[PDB]
Amino acid sequence: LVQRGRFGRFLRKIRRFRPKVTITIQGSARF
């Protein structure tokens, strides 16, 4: 392992801001 929640999900591997910005980029690749 090499991460804490503060560095695993703090506008880093999720973002998902109210209008949805990078989560959409991830969503394009995933789906």
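With the authors' numbering applied, the sequence shown covers 1 to 31. We put the beta carbon where it would ideally sit given N, CA and C, even for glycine.
{"Asked": "Kindly indicate the opening and closing residues of the alpha helix (DSSP H) around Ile25.", "Found": "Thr22 to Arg30"}
{"Asked": "Taking the alpha helix (DSSP H) that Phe7 falls in, what are its first and last residues?", "Found": "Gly5 to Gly8"}
{"Asked": "Tell me which same chain residues have a C-beta within less than 7 Å of the C-beta of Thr22, skipping the five on either side of it?", "Found": "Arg15"}
{"Asked": "Measure from the C-beta of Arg6 to each C-beta in chain D and report whether the shortest distance is under 7 Å.", "Found": "You won't find chain D in this structure, because it holds only one protein chain."}
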